[PDB]
file run-v8.pdb (PDB, C-alpha atoms and all ligand atoms)
ATOM      1  CA  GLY J 103     -20.786 -99.781-144.398  1.00  0.00           C
ATOM      2  CA  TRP J 104     -18.866 -96.739-143.224  1.00  0.00           C
ATOM      3  CA  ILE J 105     -18.021 -93.198-144.310  1.00  0.00           C
ATOM      4  CA  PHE J 106     -14.660 -91.534-143.629  1.00  0.00           C
ATOM      5  CA  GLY J 107     -13.667 -87.927-144.193  1.00  0.00           C
ATOM      6  CA  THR J 108     -12.962 -84.512-142.739  1.00  0.00           C
ATOM      7  CA  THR J 109     -16.204 -82.618-143.382  1.00  0.00           C
ATOM      8  CA  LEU J 110     -18.171 -85.195-145.481  1.00  0.00           C
ATOM      9  CA  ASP J 111     -19.441 -82.524-147.878  1.00  0.00           C
ATOM     10  CA  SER J 112     -19.086 -81.521-151.534  1.00  0.00           C
ATOM     11  CA  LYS J 113     -15.774 -79.724-150.865  1.00  0.00           C
ATOM     12  CA  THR J 114     -13.746 -82.780-149.774  1.00  0.00           C
ATOM     13  CA  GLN J 115     -13.162 -86.320-151.033  1.00  0.00           C
ATOM     14  CA  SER J 116     -14.771 -88.920-148.762  1.00  0.00           C
ATOM     15  CA  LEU J 117     -14.313 -92.681-148.555  1.00  0.00           C
ATOM     16  CA  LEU J 118     -17.409 -94.896-148.622  1.00  0.00           C
ATOM     17  CA  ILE J 119     -17.626 -98.629-147.900  1.00  0.00           C
ATOM     18  CA  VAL J 120     -20.911-100.352-148.773  1.00  0.00           C
ATOM     19  CA  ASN J 121     -21.327-104.053-147.944  1.00  0.00           C
ATOM     20  CA  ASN J 122     -24.603-105.285-149.400  1.00  0.00           C
ATOM     21  CA  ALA J 123     -25.581-108.948-149.733  1.00  0.00           C
ATOM     22  CA  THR J 124     -23.435-109.737-152.798  1.00  0.00           C
ATOM     23  CA  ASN J 125     -20.167-107.767-152.626  1.00  0.00           C
ATOM     24  CA  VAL J 126     -18.278-104.790-151.176  1.00  0.00           C
ATOM     25  CA  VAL J 127     -17.888-101.491-153.031  1.00  0.00           C
ATOM     26  CA  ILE J 128     -15.387 -98.883-151.824  1.00  0.00           C
ATOM     27  CA  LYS J 129     -15.600 -95.482-153.516  1.00  0.00           C
ATOM     28  CA  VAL J 130     -13.482 -92.411-152.775  1.00  0.00           C
ATOM     29  CA  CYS J 131     -15.746 -89.608-153.967  1.00  0.00           C
ATOM     30  CA  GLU J 132     -16.562 -86.069-152.883  1.00  0.00           C
ATOM     31  CA  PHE J 133     -20.346 -86.402-153.287  1.00  0.00           C
ATOM     32  CA  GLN J 134     -22.227 -85.093-150.254  1.00  0.00           C
ATOM     33  CA  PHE J 135     -24.867 -87.371-148.747  1.00  0.00           C
ATOM     34  CA  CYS J 136     -27.349 -86.445-146.038  1.00  0.00           C
ATOM     35  CA  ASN J 137     -26.406 -86.541-142.370  1.00  0.00           C
ATOM     36  CA  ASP J 138     -27.727 -89.560-140.430  1.00  0.00           C
ATOM     37  CA  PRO J 139     -27.493 -91.721-143.571  1.00  0.00           C
ATOM     38  CA  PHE J 140     -29.968 -94.428-144.510  1.00  0.00           C
ATOM     39  CA  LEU J 141     -30.143 -97.459-146.782  1.00  0.00           C
ATOM     40  CA  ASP J 142     -33.476 -98.584-148.208  1.00  0.00           C
ATOM     41  CA  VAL J 143     -34.608-102.077-147.212  1.00  0.00           C
ATOM     42  CA  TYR J 144     -36.899-102.525-150.227  1.00  0.00           C
ATOM     43  CA  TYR J 145     -36.898-100.935-153.675  1.00  0.00           C
TER      44      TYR J 145
ATOM     45  CA  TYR M 449      -1.297 -71.198-167.256  1.00  0.00           C
ATOM     46  CA  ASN M 450      -2.808 -74.702-167.284  1.00  0.00           C
ATOM     47  CA  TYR M 451      -0.509 -76.045-164.559  1.00  0.00           C
ATOM     48  CA  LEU M 452      -1.320 -74.889-161.031  1.00  0.00           C
ATOM     49  CA  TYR M 453       0.188 -75.317-157.571  1.00  0.00           C
ATOM     50  CA  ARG M 454      -1.137 -74.989-154.012  1.00  0.00           C
ATOM     51  CA  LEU M 455      -0.724 -72.850-150.866  1.00  0.00           C
ATOM     52  CA  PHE M 456      -2.365 -74.375-147.768  1.00  0.00           C
ATOM     53  CA  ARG M 457      -3.243 -72.967-144.336  1.00  0.00           C
ATOM     54  CA  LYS M 458       0.091 -73.904-142.643  1.00  0.00           C
ATOM     55  CA  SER M 459      -0.867 -77.582-143.060  1.00  0.00           C
ATOM     56  CA  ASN M 460       1.739 -79.789-144.714  1.00  0.00           C
ATOM     57  CA  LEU M 461       0.463 -82.660-146.835  1.00  0.00           C
ATOM     58  CA  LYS M 462       0.739 -86.249-145.652  1.00  0.00           C
ATOM     59  CA  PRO M 463       2.995 -88.699-147.542  1.00  0.00           C
ATOM     60  CA  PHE M 464       1.192 -89.724-150.762  1.00  0.00           C
ATOM     61  CA  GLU M 465      -1.712 -87.322-150.209  1.00  0.00           C
ATOM     62  CA  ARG M 466      -3.558 -85.251-152.811  1.00  0.00           C
ATOM     63  CA  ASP M 467      -6.027 -82.384-152.382  1.00  0.00           C
ATOM     64  CA  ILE M 468      -8.568 -81.014-154.855  1.00  0.00           C
ATOM     65  CA  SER M 469     -10.320 -78.401-152.709  1.00  0.00           C
ATOM     66  CA  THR M 470     -10.338 -74.822-154.019  1.00  0.00           C
ATOM     67  CA  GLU M 471     -11.651 -72.894-151.018  1.00  0.00           C
ATOM     68  CA  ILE M 472     -10.507 -69.310-150.495  1.00  0.00           C
ATOM     69  CA  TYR M 473      -7.300 -69.087-148.474  1.00  0.00           C
ATOM     70  CA  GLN M 474      -7.480 -66.869-145.379  1.00  0.00           C
ATOM     71  CA  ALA M 475      -4.435 -65.137-143.903  1.00  0.00           C
ATOM     72  CA  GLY M 476      -6.174 -62.709-141.528  1.00  0.00           C
ATOM     73  CA  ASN M 477      -8.731 -62.546-138.747  1.00  0.00           C
ATOM     74  CA  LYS M 478     -11.837 -61.891-140.851  1.00  0.00           C
ATOM     75  CA  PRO M 479     -13.497 -64.707-142.829  1.00  0.00           C
ATOM     76  CA  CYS M 480     -13.224 -64.623-146.607  1.00  0.00           C
ATOM     77  CA  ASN M 481     -16.860 -65.807-147.175  1.00  0.00           C
ATOM     78  CA  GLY M 482     -15.998 -66.610-150.797  1.00  0.00           C
ATOM     79  CA  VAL M 483     -14.667 -63.107-151.551  1.00  0.00           C
ATOM     80  CA  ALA M 484     -10.970 -62.739-152.402  1.00  0.00           C
ATOM     81  CA  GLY M 485     -10.048 -59.468-150.706  1.00  0.00           C
ATOM     82  CA  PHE M 486      -7.562 -58.340-148.068  1.00  0.00           C
ATOM     83  CA  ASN M 487      -5.840 -61.353-146.420  1.00  0.00           C
ATOM     84  CA  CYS M 488      -8.027 -63.601-148.603  1.00  0.00           C
ATOM     85  CA  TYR M 489      -6.850 -65.005-151.914  1.00  0.00           C
ATOM     86  CA  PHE M 490      -7.246 -68.004-154.179  1.00  0.00           C
ATOM     87  CA  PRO M 491      -4.622 -70.614-153.203  1.00  0.00           C
ATOM     88  CA  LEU M 492      -4.175 -72.075-156.693  1.00  0.00           C
ATOM     89  CA  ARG M 493      -1.535 -70.181-158.678  1.00  0.00           C
ATOM     90  CA  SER M 494      -0.387 -70.692-162.262  1.00  0.00           C
ATOM     91  CA  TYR M 495       3.148 -71.066-163.555  1.00  0.00           C
ATOM     92  CA  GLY M 496       4.549 -68.830-166.262  1.00  0.00           C
ATOM     93  CA  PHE M 497       6.134 -71.508-168.488  1.00  0.00           C
ATOM     94  CA  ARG M 498       7.434 -69.291-171.278  1.00  0.00           C
TER      95      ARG M 498
HETATM   96  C1  LIG W   1     -24.908-105.017-154.351  1.00  0.00           C
HETATM   97  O1  LIG W   1     -24.125-103.906-154.854  1.00  0.00           O
HETATM   98  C2  LIG W   1     -23.547-104.126-156.152  1.00  0.00           C
HETATM   99  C3  LIG W   1     -22.727-102.899-156.478  1.00  0.00           C
HETATM  100  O2  LIG W   1     -23.411-101.706-156.116  1.00  0.00           O
HETATM  101  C4  LIG W   1     -24.647-104.397-157.176  1.00  0.00           C
HETATM  102  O3  LIG W   1     -24.054-104.691-158.436  1.00  0.00           O
HETATM  103  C5  LIG W   1     -25.514-105.565-156.722  1.00  0.00           C
HETATM  104  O4  LIG W   1     -26.597-105.751-157.626  1.00  0.00           O
HETATM  105  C6  LIG W   1     -26.058-105.314-155.317  1.00  0.00           C
HETATM  106  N1  LIG W   1     -26.847-106.447-154.862  1.00  0.00           N
HETATM  107  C7  LIG W   1     -28.012-106.312-154.220  1.00  0.00           C
HETATM  108  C8  LIG W   1     -28.695-107.586-153.823  1.00  0.00           C
HETATM  109  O5  LIG W   1     -28.492-105.211-153.969  1.00  0.00           O
HETATM  110  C1  LIG W   2      -6.471 -83.126-142.045  1.00  0.00           C
HETATM  111  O1  LIG W   2      -7.571 -82.440-141.408  1.00  0.00           O
HETATM  112  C2  LIG W   2      -7.274 -81.908-140.107  1.00  0.00           C
HETATM  113  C3  LIG W   2      -8.550 -81.288-139.589  1.00  0.00           C
HETATM  114  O2  LIG W   2      -8.877 -80.103-140.301  1.00  0.00           O
HETATM  115  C4  LIG W   2      -6.122 -80.908-140.202  1.00  0.00           C
HETATM  116  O3  LIG W   2      -5.782 -80.460-138.896  1.00  0.00           O
HETATM  117  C5  LIG W   2      -4.912 -81.557-140.862  1.00  0.00           C
HETATM  118  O4  LIG W   2      -3.885 -80.592-141.053  1.00  0.00           O
HETATM  119  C6  LIG W   2      -5.294 -82.164-142.211  1.00  0.00           C
HETATM  120  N1  LIG W   2      -4.152 -82.834-142.814  1.00  0.00           N
HETATM  121  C7  LIG W   2      -3.536 -82.425-143.934  1.00  0.00           C
HETATM  122  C8  LIG W   2      -4.084 -81.187-144.591  1.00  0.00           C
HETATM  123  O5  LIG W   2      -2.576 -83.030-144.399  1.00  0.00           O
END

call {"tool": "encode", "arguments": {"input": "run-v8.pdb", "output": "structure tokens"}}
result
Amino acid sequence: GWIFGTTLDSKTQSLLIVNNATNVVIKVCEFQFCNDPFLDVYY
Amino acid sequence: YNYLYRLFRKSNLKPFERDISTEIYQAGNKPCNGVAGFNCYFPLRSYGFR
């Protein structure tokens, strides 16, 4: 997936595209994730 | 005073664009650092609607 935004923090809406094995979710939310993002392989 | 409008930092909005950020607007050289003082004020203003 990808993240799009100006500052990618809690002060600005950011667009997130996540393509896991079943579907694609696109969320436009202002939630701040950590820099150098990661996705867990196993639960 | 429920309805509010916006005053940006000489940045016109794009067509069909909406902002929600409520950071302190700066008009001078010094940073506001979250304090609304001289050349620093809250950009969201309320209508009268009387
Ligand atoms: C993929 O993401 C969707 C939405 O987040 C979720 O419903 C689904 O269970 C996920 N599938 C896997 C295999 O993680
Ligand atoms: C989008 O962000 C850039 C970088 O801060 C800015 O120069 C531009 O004016 C912004 N567009 C707006 C507020 O419509």

call {"tool": "closest_atom_pairs", "arguments": {"input": "run-v8.pdb", "of": "chain J", "to": "chain M", "cutoff": "10 Å", "atoms": "only C-alpha atoms", "output": "JSON lines"}}
result
{"residue": "J:112", "atom": "CA", "partner": "M:469", "partner_atom": "CA", "distance": 9.4}
{"residue": "J:113", "atom": "CA", "partner": "M:469", "partner_atom": "CA", "distance": 5.9}
{"residue": "J:114", "atom": "CA", "partner": "M:469", "partner_atom": "CA", "distance": 6.3}
{"residue": "J:115", "atom": "CA", "partner": "M:468", "partner_atom": "CA", "distance": 8.0}
{"residue": "J:132", "atom": "CA", "partner": "M:468", "partner_atom": "CA", "distance": 9.7}

call {"tool": "residues_near_ligand", "arguments": {"input": "run-v8.pdb", "ligand": "ligand LIG 2 (chain W)", "cutoff": "9 Å", "atoms": "all atoms listed in the file", "output": "PDB file with C-alpha atoms, keeping the file's coordinate frame"}}
result
ATOM      1  CA  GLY J 107     -13.667 -87.927-144.193  1.00  0.00           C
ATOM      2  CA  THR J 108     -12.962 -84.512-142.739  1.00  0.00           C
ATOM      3  CA  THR J 109     -16.204 -82.618-143.382  1.00  0.00           C
TER       4      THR J 109
ATOM      5  CA  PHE M 456      -2.365 -74.375-147.768  1.00  0.00           C
ATOM      6  CA  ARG M 457      -3.243 -72.967-144.336  1.00  0.00           C
ATOM      7  CA  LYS M 458       0.091 -73.904-142.643  1.00  0.00           C
ATOM      8  CA  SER M 459      -0.867 -77.582-143.060  1.00  0.00           C
ATOM      9  CA  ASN M 460       1.739 -79.789-144.714  1.00  0.00           C
ATOM     10  CA  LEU M 461       0.463 -82.660-146.835  1.00  0.00           C
ATOM     11  CA  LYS M 462       0.739 -86.249-145.652  1.00  0.00           C
ATOM     12  CA  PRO M 463       2.995 -88.699-147.542  1.00  0.00           C
ATOM     13  CA  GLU M 465      -1.712 -87.322-150.209  1.00  0.00           C
ATOM     14  CA  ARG M 466      -3.558 -85.251-152.811  1.00  0.00           C
ATOM     15  CA  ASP M 467      -6.027 -82.384-152.382  1.00  0.00           C
TER      16      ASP M 467
END

call {"tool": "residues_near_ligand", "arguments": {"input": "run-v8.pdb", "ligand": "ligand LIG 1 (chain W)", "cutoff": "7 Å", "atoms": "all atoms listed in the file", "output": "JSON, numbers by chain"}}
result
{"J": [122, 123, 124, 125, 126, 127]}

call {"tool": "resolve_selection", "arguments": {"input": "run-v8.pdb", "expression": "the PyMOL selection byres (((chain M and resi 476) around 12) and not hetatm)", "output": "list in words"}}
result
residues 457, 472, 473, 474, 475, 477, 478, 479, 480, 484, 485, 486, 487, 488 and 489 of chain M

call {"tool": "atom_distance", "arguments": {"input": "run-v8.pdb", "atom1": "CA of residue 117 in chain J", "atom2": "CA of residue 454 in chain M"}}
result
22.7 Å

call {"tool": "atom_distance", "arguments": {"input": "run-v8.pdb", "atom1": "CA of residue 119 in chain J", "atom2": "CA of residue 140 in chain J"}}
result
13.5 Å

call {"tool": "resolve_selection", "arguments": {"input": "run-v8.pdb", "expression": "the PyMOL selection byres (((chain J and resi 136) around 12) and not hetatm)", "output": "PyMOL selection string"}}
result
chain J and resi 105+110-112+133-135+137-141

call {"tool": "write_last_selection", "arguments": {"input": "run-v8.pdb", "atoms": "C-alpha atoms", "output": "short mmCIF file (atom, residue, chain, number, x, y, z; two decimals), keeping the file's coordinate frame"}}
result
data_model
loop_
_atom_site.label_atom_id
_atom_site.label_comp_id
_atom_site.auth_asym_id
_atom_site.auth_seq_id
_atom_site.Cartn_x
_atom_site.Cartn_y
_atom_site.Cartn_z
CA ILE J 105 -18.02 -93.20 -144.31
CA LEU J 110 -18.17 -85.20 -145.48
CA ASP J 111 -19.44 -82.52 -147.88
CA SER J 112 -19.09 -81.52 -151.53
CA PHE J 133 -20.35 -86.40 -153.29
CA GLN J 134 -22.23 -85.09 -150.25
CA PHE J 135 -24.87 -87.37 -148.75
CA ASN J 137 -26.41 -86.54 -142.37
CA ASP J 138 -27.73 -89.56 -140.43
CA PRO J 139 -27.49 -91.72 -143.57
CA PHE J 140 -29.97 -94.43 -144.51
CA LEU J 141 -30.14 -97.46 -146.78
#

call {"tool": "atom_distance", "arguments": {"input": "run-v8.pdb", "atom1": "CA of residue 450 in chain M", "atom2": "CA of residue 490 in chain M"}}
result
15.4 Å

call {"tool": "residues_near_point", "arguments": {"input": "run-v8.pdb", "point": "(6.6, -72.1, -167.0)", "cutoff": "12 Å", "atoms": "all atoms listed in the file", "output": "number ranges by chain"}}
result
M: 449-453, 493-498

call {"tool": "decode", "arguments": {"input": "run-v8.pdb", "residues": "range 114-127 of chain J", "atoms": "N, CA, C and O atoms", "output": "PDB file, in the first residue's frame"}}
result
ATOM      1  N   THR J 114      -3.329  16.683   9.995  1.00  0.00           N
ATOM      2  CA  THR J 114      -3.710  16.732   8.590  1.00  0.00           C
ATOM      3  C   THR J 114      -4.291  15.384   8.182  1.00  0.00           C
ATOM      4  O   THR J 114      -3.782  14.337   8.590  1.00  0.00           O
ATOM      5  N   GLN J 115      -5.372  15.422   7.400  1.00  0.00           N
ATOM      6  CA  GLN J 115      -5.924  14.217   6.794  1.00  0.00           C
ATOM      7  C   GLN J 115      -4.914  13.586   5.841  1.00  0.00           C
ATOM      8  O   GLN J 115      -4.235  14.283   5.081  1.00  0.00           O
ATOM      9  N   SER J 116      -4.816  12.259   5.884  1.00  0.00           N
ATOM     10  CA  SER J 116      -3.882  11.518   5.047  1.00  0.00           C
ATOM     11  C   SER J 116      -4.598  10.345   4.396  1.00  0.00           C
ATOM     12  O   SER J 116      -5.472   9.725   5.005  1.00  0.00           O
ATOM     13  N   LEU J 117      -4.217  10.032   3.162  1.00  0.00           N
ATOM     14  CA  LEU J 117      -4.857   8.951   2.429  1.00  0.00           C
ATOM     15  C   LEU J 117      -3.996   7.697   2.527  1.00  0.00           C
ATOM     16  O   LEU J 117      -2.777   7.751   2.350  1.00  0.00           O
ATOM     17  N   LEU J 118      -4.643   6.570   2.814  1.00  0.00           N
ATOM     18  CA  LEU J 118      -3.972   5.299   3.044  1.00  0.00           C
ATOM     19  C   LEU J 118      -4.598   4.233   2.161  1.00  0.00           C
ATOM     20  O   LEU J 118      -5.820   4.062   2.168  1.00  0.00           O
ATOM     21  N   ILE J 119      -3.758   3.520   1.414  1.00  0.00           N
ATOM     22  CA  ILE J 119      -4.182   2.398   0.585  1.00  0.00           C
ATOM     23  C   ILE J 119      -3.486   1.150   1.105  1.00  0.00           C
ATOM     24  O   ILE J 119      -2.250   1.076   1.099  1.00  0.00           O
ATOM     25  N   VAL J 120      -4.273   0.172   1.545  1.00  0.00           N
ATOM     26  CA  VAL J 120      -3.761  -1.102   2.031  1.00  0.00           C
ATOM     27  C   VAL J 120      -4.324  -2.199   1.140  1.00  0.00           C
ATOM     28  O   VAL J 120      -5.548  -2.338   1.011  1.00  0.00           O
ATOM     29  N   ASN J 121      -3.431  -2.974   0.531  1.00  0.00           N
ATOM     30  CA  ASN J 121      -3.778  -4.090  -0.343  1.00  0.00           C
ATOM     31  C   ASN J 121      -3.250  -5.356   0.320  1.00  0.00           C
ATOM     32  O   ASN J 121      -2.108  -5.759   0.087  1.00  0.00           O
ATOM     33  N   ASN J 122      -4.080  -5.988   1.144  1.00  0.00           N
ATOM     34  CA  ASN J 122      -3.731  -7.287   1.692  1.00  0.00           C
ATOM     35  C   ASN J 122      -4.237  -8.371   0.739  1.00  0.00           C
ATOM     36  O   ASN J 122      -4.614  -8.094  -0.402  1.00  0.00           O
ATOM     37  N   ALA J 123      -4.238  -9.626   1.196  1.00  0.00           N
ATOM     38  CA  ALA J 123      -4.445 -10.753   0.294  1.00  0.00           C
ATOM     39  C   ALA J 123      -5.884 -10.890  -0.191  1.00  0.00           C
ATOM     40  O   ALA J 123      -6.121 -11.591  -1.180  1.00  0.00           O
ATOM     41  N   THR J 124      -6.845 -10.242   0.463  1.00  0.00           N
ATOM     42  CA  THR J 124      -8.251 -10.422   0.120  1.00  0.00           C
ATOM     43  C   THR J 124      -8.875  -9.238  -0.600  1.00  0.00           C
ATOM     44  O   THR J 124      -9.692  -9.444  -1.499  1.00  0.00           O
ATOM     45  N   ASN J 125      -8.525  -8.005  -0.240  1.00  0.00           N
ATOM     46  CA  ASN J 125      -9.192  -6.836  -0.802  1.00  0.00           C
ATOM     47  C   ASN J 125      -8.285  -5.618  -0.666  1.00  0.00           C
ATOM     48  O   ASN J 125      -7.134  -5.715  -0.233  1.00  0.00           O
ATOM     49  N   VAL J 126      -8.822  -4.462  -1.056  1.00  0.00           N
ATOM     50  CA  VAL J 126      -8.145  -3.173  -0.952  1.00  0.00           C
ATOM     51  C   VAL J 126      -9.005  -2.260  -0.094  1.00  0.00           C
ATOM     52  O   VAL J 126     -10.202  -2.100  -0.362  1.00  0.00           O
ATOM     53  N   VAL J 127      -8.408  -1.667   0.937  1.00  0.00           N
ATOM     54  CA  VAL J 127      -9.078  -0.648   1.737  1.00  0.00           C
ATOM     55  C   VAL J 127      -8.356   0.683   1.556  1.00  0.00           C
ATOM     56  O   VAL J 127      -7.120   0.751   1.588  1.00  0.00           O
TER      57      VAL J 127
END
